[PDB]
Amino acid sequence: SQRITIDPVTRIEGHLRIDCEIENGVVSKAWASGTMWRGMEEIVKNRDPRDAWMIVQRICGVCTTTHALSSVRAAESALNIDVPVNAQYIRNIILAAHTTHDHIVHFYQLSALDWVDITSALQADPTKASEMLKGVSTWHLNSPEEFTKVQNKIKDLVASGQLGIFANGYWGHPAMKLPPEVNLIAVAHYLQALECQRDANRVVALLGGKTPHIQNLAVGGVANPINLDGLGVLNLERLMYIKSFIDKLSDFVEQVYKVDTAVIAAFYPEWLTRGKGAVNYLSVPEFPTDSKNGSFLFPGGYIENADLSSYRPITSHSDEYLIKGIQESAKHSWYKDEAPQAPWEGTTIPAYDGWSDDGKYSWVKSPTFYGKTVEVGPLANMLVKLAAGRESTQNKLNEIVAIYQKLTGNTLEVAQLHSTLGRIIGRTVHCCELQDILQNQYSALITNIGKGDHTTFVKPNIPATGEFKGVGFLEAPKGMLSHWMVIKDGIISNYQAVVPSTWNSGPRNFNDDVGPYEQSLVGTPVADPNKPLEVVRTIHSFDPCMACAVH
């Protein structure tokens, strides 16, 4: 038996420490720790509600856009502002394109090197690698010639003796199961992913004004001036340019990312039976399309004890059942006030006292929903959509299962989705469904402008007396996000962010109940305690973002 630390965890956003007790070659107990704090909630306090979004967007640059959009929704909630529908279409295109970039980069740049052995790719036969994909993908860049060019780049890097960020990786580890050919295919797709995510961010840039950190929002709508006949503003030429990038995303997503997801499951089927983090799941509906902050294209809901048949739908960002359930505790976090707090009454008073296994060991708070631990993110999102009977989601999951079936002769049941690989599958399904969101909202915008609606912004008024509370919900790439603003005498008197990685990464709670990361690791086999690749595989499946978790 022994105690290990993984510090830093790499190929995530931000500063994470994982500790594990290992007994009989299996993790028996784990600790997740966010090791950096900024106090972004305190920084934004006492300012004009209209200014918050530009400050709190800087909670995170990986999930850029998300905190900006949640912040304006929170101020709009407090003020009772209904956002113009053109502003919703623009906000939705930005969030969908951003999320496409975010998921692609997660699967390839952050996660793939847990599953892929680049040294093994040097032994691959490029022609055999290409032949393996016949009838599996229609992607146009799986030729032996592409694969030979990629193999030669790896050869040249190894030959230089400067491996840099590829150095001292887990090459030849016993948990690395891909054949040489499949390792080479994965590296080729890793490089191709960088082109696709660049195109996704060109969509974001043309509406946001730049990315990272968009600059087109406002409490009351957006700053984009719609005028098809206007020089220097959002005209038909600019919209055609946006559409030219939207159109470039689908083929990679459907023919590479979706297929690679099915193939990793086919080679690692044991990872369908481990990394369960919770039995409760939450997601919020997303992509409002009406004039009153509703009519979401994606549904939300709450699943309790893995029961899809009895889930509770959430159709509104003003749902009092959702609002009243959410609390956070700092019993095992480095803050002073430990009892569960509703975020409108939340405090963030730092109380660092160092690491204690049984005391405080994280800057991440511990969120609960009506006193229960909950997993959020793409697995939650997918399970809620399956519970809602969403045909688009059923059909897309079925396409991944059909590739898995063809490769293995086995099927995938919903029970197998409560796992490390299920989490990865939910993320991929989300990325695929987002391409229809982009086509739908671009078309909606063009149609609405054509009806003569160029409105984008309604100037708010903020009473100089009174106390008003608002909450802005958003289904972020990592899961349900909420910003909670209290306005008193015209200025922000409280600001609390409850972020998806807070839900998943948070330490033991007021009742010493274990959060998703810590729960998911129990039972993980660790072949080599000095090189705990298996632990990092499960932790990466949640797409940790610690700037998000802690803020």
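Residues carry their position along the shown sequence, with the first being 1.
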query	finding
Residue range whose averaged C-alpha B-factor is higher in the record, 134-142 or 229-237	134-142
Of 159-167 and 298-306, the one with larger mean CA B-factor	159-167
C-alpha B-factor winner, where the candidates are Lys459, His454, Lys128, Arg198	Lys128
Among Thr289, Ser283, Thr100, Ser356 - the residue whose C-alpha B-factor is largest in the record	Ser356
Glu328 - which third its CA temperature factor falls in, relative to the rest of the chain	middle
Assigned third (lowest, middle, highest) for the C-alpha B factor of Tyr268	highest
CA B-factor ranking of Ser505, expressed as a third of its chain	middle
CA B-factor placement of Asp19, once the chain's modelled residues are sorted into thirds	highest
Third of chain Cα B-factors occupied by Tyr517	middle
